[PDB]
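As structure tokens, one chain now follows by itself in the form deposited in one PDB entry.
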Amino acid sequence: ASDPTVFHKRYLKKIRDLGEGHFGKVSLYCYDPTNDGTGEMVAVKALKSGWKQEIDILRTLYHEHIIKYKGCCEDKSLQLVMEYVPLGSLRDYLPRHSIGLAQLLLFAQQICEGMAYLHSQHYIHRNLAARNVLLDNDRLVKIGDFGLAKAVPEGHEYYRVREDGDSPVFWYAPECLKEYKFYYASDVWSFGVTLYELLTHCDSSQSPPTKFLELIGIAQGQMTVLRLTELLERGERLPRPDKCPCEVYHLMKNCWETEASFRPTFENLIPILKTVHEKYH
């Protein structure tokens, strides 16, 4: 008799490494607390100011399309225990599997469902990329890696953070690149980029950073963020992917409205994506 959210190191046996989450390596573990021979698979992220904020946030969320908090283990450091999403990320999935257009439109829809909820709870994700969206057994999107997620203070529209280390700047709106201000609408921009990725089946050669650097026309370096910002401010965007319908590119372009106030909300995007998914099913 005790708290299920408390995980004990003696019953966690590591199967393998899964990947590098932002601010923490994720691994796969078998948790057999009752020694019944089977236990359960779980994902475990090792964390070292806001270095716990991913646990603080993710434990307050309950939704089918957001990866589910299970508990913690601190037997200095901390291990976030999450559900194991067994098919991994879309970035590594889509290039290795054949996937139709409607199925892609359905993954996009699910992301919006999860993100509408997230924003309702007054959080921003700040890391919405195909790489951080995971598939379960039924090919259901679970949104993951809340390493950069923040609580938007109440009454406010954005949150200001200048990340001392790496961040996904090729998924980031100009206000993010320029003012380090992250609105709810900024996550919609990232979703837009995430949908571009979907439709390119995450071909690395067509990936947002590959594309954006070609368009900038200058080699990667200290001035890139500035040039990317000036490029996006001139209204250039990622190209319509091959065999992507015009109507679906328009959706991406609307999520890519330069000024953040003119972008769709995740609420607004849900009916639209259902209707467009229907049209191509």
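What we label the rigid core is the largest C-alpha set whose atoms superpose within 1.5 Å from one form to the other. A residue's number is simply how far along the shown sequence it sits, counting from 1.
Beyond what is shown, the protein has a form deposited in another entry; the following relates to that form.
Trainee: If you line up the core, which of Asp203, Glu179, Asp92, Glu163 has a CA that moves 2 Å or more between the shown form and the other one?
Mentor: Among the listed residues, the outlier is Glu163.
Trainee: After superposition on the rigid core, does the Cα atom of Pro264 shift by at least 2 Å between the shown form and the other one?
Mentor: No, the C-alpha moves less than 2 Å.
Trainee: Taking the rigid core as the superposition reference, indicate whether the CA of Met223 shifts 2 angstroms or more between the shown form and the other one.
Mentor: Yes, the C-alpha moves 2 Å or more.
Trainee: Quick one: in that other deposited form, is the Cα gap between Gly21 and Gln121 smaller or bigger than here? Answer closer or farther; it shifts by 3 Å or more.
Mentor: Relative to the shown form, the pair is farther apart.
Trainee: Relative to what is shown, are the Cα atoms of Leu213 and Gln222 closer or farther apart in that other deposited form, where the gap shifts by 3 Å or more?
Mentor: Residues converge in that other deposited form, at least 3 Å closer.
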